[PDB]
Amino acid sequence: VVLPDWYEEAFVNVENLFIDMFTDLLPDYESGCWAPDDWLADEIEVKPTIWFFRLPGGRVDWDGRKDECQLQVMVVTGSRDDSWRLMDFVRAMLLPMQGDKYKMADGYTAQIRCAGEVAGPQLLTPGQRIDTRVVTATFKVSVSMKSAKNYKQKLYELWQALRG
Amino acid sequence: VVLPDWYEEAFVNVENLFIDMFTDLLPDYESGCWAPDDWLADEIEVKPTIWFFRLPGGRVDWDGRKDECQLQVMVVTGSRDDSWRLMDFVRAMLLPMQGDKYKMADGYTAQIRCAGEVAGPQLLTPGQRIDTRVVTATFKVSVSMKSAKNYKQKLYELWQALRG
Amino acid sequence: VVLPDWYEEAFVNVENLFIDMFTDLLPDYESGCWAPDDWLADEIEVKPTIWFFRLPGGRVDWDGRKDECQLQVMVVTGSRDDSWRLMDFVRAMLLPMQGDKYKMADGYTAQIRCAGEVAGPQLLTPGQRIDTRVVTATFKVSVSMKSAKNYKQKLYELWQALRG
Amino acid sequence: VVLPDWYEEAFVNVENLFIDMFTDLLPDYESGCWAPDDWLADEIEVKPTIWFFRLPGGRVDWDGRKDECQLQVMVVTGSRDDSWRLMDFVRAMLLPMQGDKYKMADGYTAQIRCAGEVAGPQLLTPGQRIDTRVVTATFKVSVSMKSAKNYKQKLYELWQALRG
Amino acid sequence: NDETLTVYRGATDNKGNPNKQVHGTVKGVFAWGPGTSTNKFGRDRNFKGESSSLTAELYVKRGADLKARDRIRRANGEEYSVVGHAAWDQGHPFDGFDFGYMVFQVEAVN
Amino acid sequence: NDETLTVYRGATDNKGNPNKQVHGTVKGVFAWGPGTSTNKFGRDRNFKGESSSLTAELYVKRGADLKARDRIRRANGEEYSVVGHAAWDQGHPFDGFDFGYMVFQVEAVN
Amino acid sequence: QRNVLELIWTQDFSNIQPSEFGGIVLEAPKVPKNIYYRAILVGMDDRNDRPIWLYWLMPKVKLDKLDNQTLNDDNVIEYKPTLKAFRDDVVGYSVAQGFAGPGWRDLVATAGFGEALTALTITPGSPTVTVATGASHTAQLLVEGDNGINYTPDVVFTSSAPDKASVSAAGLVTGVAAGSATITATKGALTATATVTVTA
């Protein structure tokens, strides 16, 4: 952590927002954006996990203070019915999101503008993992920006100090 | 270096501009467009590096003195959070760039017109490198031309001298 | 060489035009459309070479006396900077080409109408060749036709002589 | 050959037209639509051959008495210059074709309406064959129909005789 | 014993036009297999028509006129192409004895 | 016995411009095959033109100046590139005897 | 540049002078003057060393309408004003199409203009050139066809007797030795014979 002090942050990291809000909603079922070794230790019985991986798609405008990304939702568990009901719960908690606030442990509270839908649920065939049931879907999630002020100034004075 | 003297240069090499400006901004963290052997020597602990590789996309007009390319930004480091914050810093330093100047060690100062965005961040799965976290995104960067004068004359007299 | 005498030629072979003009411009650096064994003999130190390979794309009209092709430019050398400056020189000698003449050793002088641009520079990863640096770009080059007279007559009398 | 007598033929087999007309034009150089074993016997020195293979593309209307197909032109020989000049001769004999007649050994004379162009020359890399030089091009050739009368009648009486 | 082989030598220039001429006659033997089996015949598949692909080994005397990137014609009519530098072209690392034999991975196309 | 080999050493920086200079001479022998056969020659296929690919093994004395990510030129003119750390570079696990030999998987491109 | 701004603003920026620091102002007229301009619209086409020249001659033109220009960050400023050609009085023509160039001479007969080229003759019948460097030491040839058009720059001349007089492609007749020589002029199909007498 040696980033310059005059710069604090640019974006919200909406996947961190989502994983934190899902962990807070139901602490019993863990959620994240990785594959912990503890979860991979047991496969016949697996704790239901929600995974969010960023996918390409969607432009961005700094002037309009708008950001969007095609963040996908992937749920894995030991039963097809459990996976389907978890996906239904996630869709009920994401699709009807129009101007909703949620606060992170960092201090700032994010603003979700609209969470769209691109592709429906995908019951992927069991490959490397057989017993676990996995369902994949993609959401078009648009989020606001924390700070949209431009950093032309400091770059300009750094350039002037370095060369002139 | 045996290029003809009457020709000096045509384009700006915007990736050299970007790597030089990022190295000047934070000299502690190295940045470039290759994979140095010193960086590849250690992989459990890696110095954060910013890589710019040119990708196809975007036309060019000599008459309008405008050039554009789909230069991509790839950041590699030992932590997902570090990679995400570095990508956020890069995006904050690139997207709000509208008519900005920066001087190279060659002598000329380039002019960045507008740096767009095509695809969002890509958390690539760990393949050959496991511990390192890599995030890939593509930027639509448009840069001005240094000199747009035509070289019809010298080619014509060379042709006349060679044949006639 | 047993082609009929009444037919001399149809097209210009614009890649031959380009390789000949580049060889004439700088005879020290060889250029062509193949891979000579002498060049492949040494790889740590390589003479810079310009390669033109024809690619699909672009229609043609005999009535309008206009021909076009998506001829690509590929440069290979022992340094990335040398490859970049050679590509810049090629673009300076190609993009500002609007109605330019150049004579071949055959006897006719070709007329380059306009050399467009499709894809930007491609810094291909070192595969079979490691030390050499290669950059690939595609140009939309349109060239005029040498002779556009129709050969309906001779075919018709040949058909009449053969059958009737 | 046990086809019904009331049906004689439907289409022209335009590739047979082209191979026959090219063989008649220059009998010294053989041309066809296959790979004879005699030609494959010798590869260092090869007799120049013109190959026409049918490719998809182009609709057809029985009412308008019009047919079209994306027949491609592939030339193979022992020298790049020979292949290029042969392709130029083929384009000179094919592109300026607007309402041209040529008679087959079957008895009917075909009518070539227009021979368009889709893709430019393709200097394929030497794979299985190394010494031989091959250039591939695709032509949009439109040809007329020999007989466009409908065969509803005979099918109807055959159906009536079989079932009723 | 051995059978004479016709060798064709030529270097492709920037124009891409091969110029192969007769370089003489070379004595060698063919080996259609590394061990007790034989190499399978390749299938063109994509190429329009029918053909075959073969990779054999050629044994020739040391210091022969044959060199890589050349063409070889047998006594029956088939023409082969040899690529790559000769292998096992060195003496004994311990003592320095010379076998006088080298292997050429010649590609049979006819 | 052995034959001298020219070694070229260079480290690519962020600019991507290799700087290979002469590092001296190294003594070693080549082995174009793991056992009683020889490695097949690769085909570029996609590359415009004709070339070859080869993966050989290089035997060198222990503690030599040769190191991975270097270039090797033979006495005939062919230039090879060696990648990857040396293998079998350890003593006897049970007793501790040192053979003094290491294998380098050098890629032959010329 | 000067002409573009003058045409787009309908003024005469002759009295204007750049300031000591380069500051300039382009002033729109208080009353829009209807200044007329001379326009030449010439094209180019090349056939070997003899190109084709075509032009749209017009001795009177003025502004008709200026389209809306976009100066955003994706292209340079675009000035695309349409001009309506007018009719001039001192010359009597408004729009004229003209073809020129050495190449046009080759296909002028094919285009149907005039008559087909079927006859040719070298205008100097028996030119006399002095061996010494005198007033008439050098002579210039000029072959004339049936169409009344010169064919000197394209038709090459071959001297059957270089010892007496040699004629190059330029048609020069200097003379090496006194005597009579025969010169043949051909372009691609027509042969013309001329006799040149050389004396001291």
# chains A, B, ... in the order shown; residues from 1 in each chain; ligands from 1
>>> interface_residues(of="chain C", to="chain G", cutoff="10 Å", atoms="only C-alpha atoms", output="list in words")
residues 99, 100, 101, 102, 103, 107, 108, 109, 110, 111, 113, 144, 145, 146 and 147 of chain C
>>> calpha_fit_and_write(fixed="chain E", moving="chain F", output="short mmCIF file (atom, residue, chain, number, x, y, z; two decimals) with N, CA and C atoms, in the first residue's frame")
data_model
loop_
_atom_site.label_atom_id
_atom_site.label_comp_id
_atom_site.auth_asym_id
_atom_site.auth_seq_id
_atom_site.Cartn_x
_atom_site.Cartn_y
_atom_site.Cartn_z
N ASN F 1 23.07 -53.51 -51.22
CA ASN F 1 23.75 -52.44 -50.49
C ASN F 1 22.94 -51.15 -50.53
N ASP F 2 23.56 -50.08 -51.01
CA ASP F 2 22.92 -48.78 -51.10
C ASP F 2 22.41 -48.52 -52.52
N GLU F 3 21.53 -47.53 -52.64
CA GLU F 3 20.95 -47.14 -53.91
C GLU F 3 21.11 -45.64 -54.11
N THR F 4 21.43 -45.24 -55.34
CA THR F 4 21.68 -43.84 -55.63
C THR F 4 20.40 -43.02 -55.51
N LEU F 5 20.55 -41.78 -55.04
CA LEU F 5 19.42 -40.89 -54.82
C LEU F 5 19.69 -39.57 -55.53
N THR F 6 18.69 -39.08 -56.26
CA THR F 6 18.79 -37.78 -56.92
C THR F 6 18.46 -36.67 -55.93
N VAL F 7 19.36 -35.70 -55.81
CA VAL F 7 19.21 -34.60 -54.86
C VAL F 7 18.97 -33.32 -55.64
N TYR F 8 18.00 -32.53 -55.19
CA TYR F 8 17.67 -31.24 -55.79
C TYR F 8 17.91 -30.15 -54.75
N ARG F 9 18.70 -29.15 -55.12
CA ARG F 9 19.07 -28.07 -54.21
C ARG F 9 18.56 -26.74 -54.75
N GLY F 10 17.98 -25.93 -53.87
CA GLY F 10 17.48 -24.63 -54.24
C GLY F 10 17.11 -23.77 -53.05
N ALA F 11 17.39 -22.47 -53.13
CA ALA F 11 17.09 -21.53 -52.07
C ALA F 11 16.04 -20.53 -52.55
N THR F 12 14.95 -20.42 -51.81
CA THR F 12 13.88 -19.49 -52.15
C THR F 12 14.29 -18.07 -51.78
N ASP F 13 14.11 -17.14 -52.71
CA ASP F 13 14.45 -15.75 -52.49
C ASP F 13 13.23 -15.01 -51.94
N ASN F 14 13.31 -13.67 -51.88
CA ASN F 14 12.19 -12.88 -51.40
C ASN F 14 10.99 -12.98 -52.33
N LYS F 15 11.23 -13.21 -53.63
CA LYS F 15 10.15 -13.34 -54.59
C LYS F 15 9.33 -14.61 -54.40
N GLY F 16 9.82 -15.56 -53.61
CA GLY F 16 9.08 -16.79 -53.37
C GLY F 16 9.06 -17.76 -54.52
N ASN F 17 10.01 -17.65 -55.45
CA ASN F 17 10.07 -18.56 -56.59
C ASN F 17 11.21 -19.55 -56.39
N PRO F 18 10.92 -20.82 -56.08
CA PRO F 18 12.01 -21.79 -55.89
C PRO F 18 12.77 -22.04 -57.18
N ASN F 19 14.07 -22.28 -57.04
CA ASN F 19 14.96 -22.60 -58.17
C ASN F 19 15.77 -23.84 -57.78
N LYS F 20 15.21 -25.01 -58.05
CA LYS F 20 15.83 -26.28 -57.69
C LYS F 20 16.48 -26.89 -58.92
N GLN F 21 17.77 -27.21 -58.82
CA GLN F 21 18.53 -27.82 -59.90
C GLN F 21 19.22 -29.07 -59.37
N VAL F 22 19.79 -29.85 -60.30
CA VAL F 22 20.46 -31.08 -59.93
C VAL F 22 21.79 -30.76 -59.26
N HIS F 23 21.99 -31.31 -58.06
CA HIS F 23 23.23 -31.14 -57.32
C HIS F 23 24.11 -32.38 -57.35
N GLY F 24 23.68 -33.44 -58.02
CA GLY F 24 24.46 -34.66 -58.10
C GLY F 24 23.70 -35.88 -57.62
N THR F 25 24.43 -36.93 -57.26
CA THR F 25 23.84 -38.17 -56.77
C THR F 25 24.42 -38.50 -55.40
N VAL F 26 23.55 -38.97 -54.50
CA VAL F 26 23.94 -39.30 -53.13
C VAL F 26 23.49 -40.73 -52.84
N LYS F 27 24.30 -41.45 -52.08
CA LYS F 27 24.03 -42.84 -51.73
C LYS F 27 23.44 -42.90 -50.32
N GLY F 28 22.28 -43.54 -50.19
CA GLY F 28 21.63 -43.66 -48.90
C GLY F 28 20.56 -44.73 -48.92
N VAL F 29 20.05 -45.03 -47.73
CA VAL F 29 19.01 -46.03 -47.55
C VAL F 29 17.87 -45.42 -46.74
N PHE F 30 16.68 -45.97 -46.92
CA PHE F 30 15.48 -45.46 -46.27
C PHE F 30 15.07 -46.38 -45.12
N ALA F 31 14.40 -45.79 -44.13
CA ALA F 31 13.91 -46.52 -42.97
C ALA F 31 12.51 -46.01 -42.64
N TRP F 32 11.49 -46.80 -42.97
CA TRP F 32 10.10 -46.40 -42.76
C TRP F 32 9.61 -46.90 -41.40
N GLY F 33 10.27 -46.42 -40.35
CA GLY F 33 9.90 -46.76 -39.00
C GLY F 33 11.05 -46.60 -38.02
N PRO F 34 10.75 -46.08 -36.83
CA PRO F 34 11.82 -45.92 -35.83
C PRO F 34 12.26 -47.24 -35.22
N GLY F 35 11.34 -48.17 -35.00
CA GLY F 35 11.68 -49.45 -34.40
C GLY F 35 11.20 -50.63 -35.21
N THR F 36 10.43 -51.52 -34.58
CA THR F 36 9.92 -52.71 -35.23
C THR F 36 8.60 -52.47 -35.96
N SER F 37 8.06 -51.26 -35.89
CA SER F 37 6.80 -50.91 -36.55
C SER F 37 7.06 -49.92 -37.68
N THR F 38 5.98 -49.47 -38.30
CA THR F 38 6.05 -48.52 -39.40
C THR F 38 5.19 -47.30 -39.08
N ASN F 39 5.62 -46.15 -39.59
CA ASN F 39 4.89 -44.91 -39.36
C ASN F 39 3.56 -44.92 -40.09
N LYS F 40 2.53 -44.41 -39.43
CA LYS F 40 1.21 -44.34 -40.04
C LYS F 40 1.17 -43.26 -41.12
N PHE F 41 0.29 -43.46 -42.10
CA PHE F 41 0.16 -42.55 -43.22
C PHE F 41 -0.84 -41.45 -42.89
N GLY F 42 -0.41 -40.20 -43.03
CA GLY F 42 -1.28 -39.08 -42.73
C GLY F 42 -2.38 -38.91 -43.75
N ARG F 43 -3.47 -38.29 -43.31
CA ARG F 43 -4.62 -38.00 -44.16
C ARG F 43 -4.76 -36.50 -44.33
N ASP F 44 -4.89 -36.05 -45.58
CA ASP F 44 -5.02 -34.62 -45.85
C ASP F 44 -6.30 -34.06 -45.25
N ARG F 45 -7.41 -34.78 -45.39
CA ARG F 45 -8.70 -34.41 -44.80
C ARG F 45 -9.22 -33.09 -45.35
N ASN F 46 -8.57 -31.98 -44.98
CA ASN F 46 -9.03 -30.67 -45.43
C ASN F 46 -8.77 -30.46 -46.91
N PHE F 47 -7.68 -31.00 -47.44
CA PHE F 47 -7.36 -30.82 -48.85
C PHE F 47 -8.40 -31.51 -49.73
N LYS F 48 -8.80 -30.82 -50.79
CA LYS F 48 -9.81 -31.35 -51.71
C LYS F 48 -9.19 -32.46 -52.55
N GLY F 49 -9.57 -33.70 -52.26
CA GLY F 49 -9.04 -34.85 -52.98
C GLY F 49 -8.50 -35.92 -52.05
N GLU F 50 -7.52 -36.68 -52.51
CA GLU F 50 -6.90 -37.73 -51.71
C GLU F 50 -5.39 -37.65 -51.84
N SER F 51 -4.70 -37.84 -50.72
CA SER F 51 -3.24 -37.79 -50.68
C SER F 51 -2.78 -38.55 -49.44
N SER F 52 -1.49 -38.44 -49.13
CA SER F 52 -0.93 -39.13 -47.98
C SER F 52 0.25 -38.33 -47.44
N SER F 53 0.55 -38.55 -46.17
CA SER F 53 1.68 -37.91 -45.50
C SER F 53 2.52 -38.97 -44.80
N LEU F 54 3.84 -38.83 -44.89
CA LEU F 54 4.75 -39.81 -44.33
C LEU F 54 5.99 -39.10 -43.82
N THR F 55 6.54 -39.59 -42.71
CA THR F 55 7.78 -39.08 -42.14
C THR F 55 8.72 -40.25 -41.91
N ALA F 56 9.75 -40.36 -42.74
CA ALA F 56 10.71 -41.46 -42.67
C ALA F 56 12.07 -40.94 -42.21
N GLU F 57 13.01 -41.87 -42.06
CA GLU F 57 14.38 -41.56 -41.68
C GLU F 57 15.33 -42.02 -42.78
N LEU F 58 16.28 -41.15 -43.13
CA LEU F 58 17.23 -41.42 -44.19
C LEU F 58 18.63 -41.56 -43.59
N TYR F 59 19.30 -42.66 -43.91
CA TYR F 59 20.66 -42.93 -43.44
C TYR F 59 21.62 -42.69 -44.60
N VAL F 60 22.59 -41.80 -44.38
CA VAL F 60 23.54 -41.42 -45.42
C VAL F 60 24.94 -41.40 -44.82
N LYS F 61 25.94 -41.55 -45.69
CA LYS F 61 27.33 -41.51 -45.27
C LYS F 61 27.70 -40.12 -44.77
N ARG F 62 28.67 -40.08 -43.86
CA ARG F 62 29.13 -38.81 -43.32
C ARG F 62 29.84 -37.99 -44.39
N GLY F 63 29.67 -36.67 -44.32
CA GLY F 63 30.27 -35.77 -45.28
C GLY F 63 29.72 -35.91 -46.68
N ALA F 64 28.43 -36.19 -46.81
CA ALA F 64 27.79 -36.30 -48.11
C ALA F 64 27.34 -34.93 -48.62
N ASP F 65 27.10 -34.85 -49.92
CA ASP F 65 26.65 -33.61 -50.53
C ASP F 65 25.23 -33.24 -50.11
N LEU F 66 24.48 -34.18 -49.53
CA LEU F 66 23.12 -33.90 -49.12
C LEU F 66 23.09 -32.92 -47.95
N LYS F 67 22.16 -31.97 -48.01
CA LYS F 67 22.00 -30.97 -46.97
C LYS F 67 20.51 -30.72 -46.79
N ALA F 68 20.16 -30.15 -45.64
CA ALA F 68 18.76 -29.87 -45.32
C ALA F 68 18.15 -28.92 -46.35
N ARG F 69 16.81 -28.88 -46.34
CA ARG F 69 16.04 -28.03 -47.25
C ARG F 69 16.32 -28.39 -48.71
N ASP F 70 16.29 -29.69 -49.01
CA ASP F 70 16.53 -30.20 -50.35
C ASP F 70 15.43 -31.19 -50.71
N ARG F 71 15.43 -31.61 -51.98
CA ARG F 71 14.46 -32.56 -52.50
C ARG F 71 15.17 -33.85 -52.90
N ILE F 72 14.53 -34.98 -52.64
CA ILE F 72 15.10 -36.30 -52.90
C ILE F 72 14.13 -37.09 -53.76
N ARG F 73 14.63 -37.65 -54.86
CA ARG F 73 13.85 -38.51 -55.74
C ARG F 73 14.44 -39.92 -55.70
N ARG F 74 13.57 -40.92 -55.55
CA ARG F 74 14.00 -42.30 -55.51
C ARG F 74 14.14 -42.85 -56.94
N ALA F 75 14.48 -44.13 -57.03
CA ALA F 75 14.64 -44.78 -58.33
C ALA F 75 13.32 -45.21 -58.95
N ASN F 76 12.22 -45.18 -58.20
CA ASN F 76 10.92 -45.57 -58.73
C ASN F 76 10.15 -44.40 -59.32
N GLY F 77 10.35 -43.19 -58.80
CA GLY F 77 9.66 -42.03 -59.31
C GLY F 77 9.13 -41.12 -58.22
N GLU F 78 9.03 -41.64 -57.00
CA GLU F 78 8.56 -40.84 -55.89
C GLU F 78 9.57 -39.76 -55.52
N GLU F 79 9.07 -38.57 -55.22
CA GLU F 79 9.91 -37.43 -54.85
C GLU F 79 9.64 -37.06 -53.40
N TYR F 80 10.70 -37.02 -52.60
CA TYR F 80 10.61 -36.69 -51.18
C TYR F 80 11.34 -35.38 -50.90
N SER F 81 11.00 -34.79 -49.75
CA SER F 81 11.60 -33.54 -49.31
C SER F 81 12.19 -33.74 -47.92
N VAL F 82 13.45 -33.31 -47.75
CA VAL F 82 14.17 -33.44 -46.49
C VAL F 82 14.28 -32.06 -45.86
N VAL F 83 13.97 -31.97 -44.57
CA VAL F 83 14.04 -30.72 -43.83
C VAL F 83 14.75 -30.98 -42.51
N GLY F 84 15.34 -29.93 -41.95
CA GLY F 84 16.02 -30.04 -40.67
C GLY F 84 17.44 -30.55 -40.79
N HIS F 85 18.33 -30.04 -39.94
CA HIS F 85 19.72 -30.46 -39.96
C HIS F 85 19.85 -31.92 -39.51
N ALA F 86 20.93 -32.55 -39.95
CA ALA F 86 21.16 -33.95 -39.62
C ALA F 86 21.39 -34.12 -38.12
N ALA F 87 20.90 -35.24 -37.60
CA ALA F 87 21.04 -35.57 -36.19
C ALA F 87 22.14 -36.60 -35.98
N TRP F 88 22.62 -36.68 -34.74
CA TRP F 88 23.72 -37.57 -34.36
C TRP F 88 24.97 -37.31 -35.19
N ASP F 89 25.21 -36.05 -35.54
CA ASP F 89 26.38 -35.66 -36.33
C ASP F 89 27.49 -35.16 -35.40
N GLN F 90 27.98 -36.08 -34.58
CA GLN F 90 29.06 -35.78 -33.65
C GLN F 90 29.78 -37.07 -33.29
N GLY F 91 30.98 -36.91 -32.75
CA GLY F 91 31.79 -38.04 -32.34
C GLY F 91 31.43 -38.52 -30.95
N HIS F 92 32.23 -39.46 -30.46
CA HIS F 92 32.02 -40.03 -29.13
C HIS F 92 32.46 -39.02 -28.07
N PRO F 93 31.58 -38.61 -27.17
CA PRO F 93 31.98 -37.62 -26.15
C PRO F 93 33.11 -38.10 -25.25
N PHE F 94 33.19 -39.40 -24.96
CA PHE F 94 34.20 -39.88 -24.03
C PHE F 94 35.55 -40.08 -24.71
N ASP F 95 35.57 -40.78 -25.85
CA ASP F 95 36.80 -41.09 -26.56
C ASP F 95 36.97 -40.24 -27.81
N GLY F 96 36.00 -40.26 -28.71
CA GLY F 96 36.10 -39.48 -29.94
C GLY F 96 35.93 -40.32 -31.19
N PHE F 97 35.38 -41.52 -31.04
CA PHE F 97 35.15 -42.39 -32.19
C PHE F 97 34.06 -41.81 -33.08
N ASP F 98 34.22 -41.98 -34.38
CA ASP F 98 33.28 -41.47 -35.37
C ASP F 98 32.55 -42.64 -36.02
N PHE F 99 31.22 -42.65 -35.90
CA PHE F 99 30.43 -43.70 -36.53
C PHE F 99 30.29 -43.49 -38.03
N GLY F 100 30.31 -42.24 -38.49
CA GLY F 100 30.20 -41.94 -39.90
C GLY F 100 28.80 -42.00 -40.46
N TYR F 101 27.78 -42.10 -39.62
CA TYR F 101 26.39 -42.20 -40.06
C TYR F 101 25.57 -41.08 -39.44
N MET F 102 24.66 -40.52 -40.22
CA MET F 102 23.73 -39.50 -39.76
C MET F 102 22.33 -39.83 -40.25
N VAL F 103 21.34 -39.33 -39.52
CA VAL F 103 19.93 -39.59 -39.81
C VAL F 103 19.29 -38.30 -40.30
N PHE F 104 18.52 -38.40 -41.38
CA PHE F 104 17.76 -37.28 -41.92
C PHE F 104 16.28 -37.62 -41.86
N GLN F 105 15.50 -36.75 -41.22
CA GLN F 105 14.05 -36.94 -41.15
C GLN F 105 13.45 -36.39 -42.43
N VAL F 106 13.33 -37.25 -43.43
CA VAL F 106 12.81 -36.87 -44.74
C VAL F 106 11.31 -37.09 -44.75
N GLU F 107 10.57 -36.13 -45.30
CA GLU F 107 9.12 -36.21 -45.39
C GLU F 107 8.74 -36.76 -46.76
N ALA F 108 8.04 -37.89 -46.76
CA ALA F 108 7.59 -38.52 -48.00
C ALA F 108 6.18 -38.03 -48.32
N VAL F 109 6.02 -37.44 -49.50
CA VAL F 109 4.74 -36.88 -49.91
C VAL F 109 4.12 -37.63 -51.08
N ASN F 110 4.92 -38.23 -51.96
CA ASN F 110 4.39 -38.99 -53.08
C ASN F 110 4.07 -40.42 -52.67
#
>>> select_by_dssp(residues="chain F", states="strand (DSSP E or B)", output="PyMOL selection string")
chain F and resi 3-9+21-31+42+53-61+70-73+79-82+87+101-108
>>> residues_around(residues="residue 141 in chain B", least_positions_apart="5", cutoff="8 Å", atoms="only C-alpha atoms", output="list in words")
residues 68, 69, 70, 71, 112, 113, 114, 115 and 116 of chain B
>>> closest_residue(among="C:49, C:72, C:16, C:150", to="residue 31 in chain C", atoms="only C-alpha atoms")
C:49
>>> interface_residues(of="chain C", to="chain B", cutoff="7 Å", atoms="only C-alpha atoms", output="short mmCIF file (atom, residue, chain, number, x, y, z; two decimals) with N, CA, C and O atoms, in the first residue's frame")
data_model
loop_
_atom_site.label_atom_id
_atom_site.label_comp_id
_atom_site.auth_asym_id
_atom_site.auth_seq_id
_atom_site.Cartn_x
_atom_site.Cartn_y
_atom_site.Cartn_z
N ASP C 88 6.14 2.74 -38.14
CA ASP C 88 5.79 4.15 -38.27
C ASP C 88 6.23 4.71 -39.62
O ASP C 88 5.49 5.46 -40.26
N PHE C 89 7.44 4.35 -40.06
CA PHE C 89 7.91 4.80 -41.36
C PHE C 89 7.04 4.24 -42.48
O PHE C 89 6.71 4.95 -43.44
N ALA C 92 3.87 6.20 -42.54
CA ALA C 92 4.11 7.51 -43.11
C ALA C 92 4.23 7.44 -44.63
O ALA C 92 3.81 8.37 -45.33
N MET C 93 4.79 6.35 -45.15
CA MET C 93 4.94 6.19 -46.59
C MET C 93 3.71 5.60 -47.27
O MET C 93 3.65 5.59 -48.50
N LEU C 95 0.00 5.67 -45.61
CA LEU C 95 -1.28 6.33 -45.34
C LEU C 95 -1.48 7.59 -46.17
O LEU C 95 -2.58 7.76 -46.73
N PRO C 96 -0.49 8.52 -46.31
CA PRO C 96 -0.69 9.71 -47.15
C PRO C 96 -0.48 9.46 -48.64
O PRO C 96 0.19 10.23 -49.34
N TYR C 102 4.41 5.05 -59.44
CA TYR C 102 5.71 4.41 -59.27
C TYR C 102 5.87 3.36 -60.36
O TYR C 102 4.94 2.61 -60.65
N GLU C 117 -6.62 1.82 -43.69
CA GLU C 117 -6.17 1.08 -42.52
C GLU C 117 -7.36 0.35 -41.91
O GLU C 117 -8.42 0.95 -41.72
N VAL C 118 -7.17 -0.93 -41.59
CA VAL C 118 -8.22 -1.77 -41.02
C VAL C 118 -7.94 -2.10 -39.56
O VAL C 118 -8.74 -1.79 -38.68
N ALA C 119 -6.80 -2.72 -39.28
CA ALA C 119 -6.42 -3.12 -37.93
C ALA C 119 -5.11 -2.45 -37.54
O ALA C 119 -4.24 -2.21 -38.39
N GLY C 120 -4.98 -2.15 -36.25
CA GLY C 120 -3.81 -1.49 -35.74
C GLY C 120 -2.63 -2.44 -35.60
O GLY C 120 -2.67 -3.58 -36.06
N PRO C 121 -1.55 -1.96 -34.97
CA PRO C 121 -0.36 -2.81 -34.82
C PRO C 121 -0.65 -4.01 -33.94
O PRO C 121 -1.38 -3.92 -32.95
N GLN C 122 -0.06 -5.15 -34.29
CA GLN C 122 -0.24 -6.40 -33.57
C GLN C 122 1.13 -6.90 -33.13
O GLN C 122 1.87 -7.48 -33.93
N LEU C 123 1.46 -6.69 -31.85
CA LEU C 123 2.71 -7.20 -31.29
C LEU C 123 2.50 -8.67 -30.94
O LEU C 123 2.16 -9.04 -29.81
#
>>> closest_atom_pairs(of="chain D", to="chain E", cutoff="8 Å", atoms="only C-alpha atoms", output="tab-separated table")
residue	atom	partner	partner_atom	distance
D:34	CA	E:49	CA	6.4
D:35	CA	E:49	CA	5.8
D:40	CA	E:110	CA	7.0
D:41	CA	E:110	CA	6.2
D:42	CA	E:79	CA	7.0
D:43	CA	E:79	CA	7.1
D:44	CA	E:79	CA	7.6
D:78	CA	E:18	CA	7.6
D:79	CA	E:17	CA	5.0
D:80	CA	E:17	CA	5.6
D:81	CA	E:17	CA	7.1
D:128	CA	E:53	CA	7.3
D:129	CA	E:109	CA	7.6
D:131	CA	E:18	CA	7.2
>>> write_last_selection(atoms="C-alpha atoms", output="compact mmCIF listing (two decimals), in the first residue's frame")
# COMPACT_ATOMS: atom_id res chain seq x y z
CA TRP D 34 -10.19 -33.10 -59.06
CA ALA D 35 -6.62 -34.19 -58.24
CA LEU D 40 0.33 -35.88 -57.86
CA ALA D 41 3.10 -38.22 -59.07
CA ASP D 42 5.46 -35.29 -59.72
CA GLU D 43 5.60 -32.37 -57.28
CA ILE D 44 8.93 -30.58 -57.78
CA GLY D 78 5.69 -24.45 -59.13
CA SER D 79 6.29 -20.69 -59.03
CA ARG D 80 4.61 -17.78 -57.27
CA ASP D 81 4.90 -15.54 -60.34
CA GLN D 128 1.28 -30.83 -47.18
CA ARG D 129 2.69 -29.53 -50.48
CA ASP D 131 7.30 -26.64 -53.46
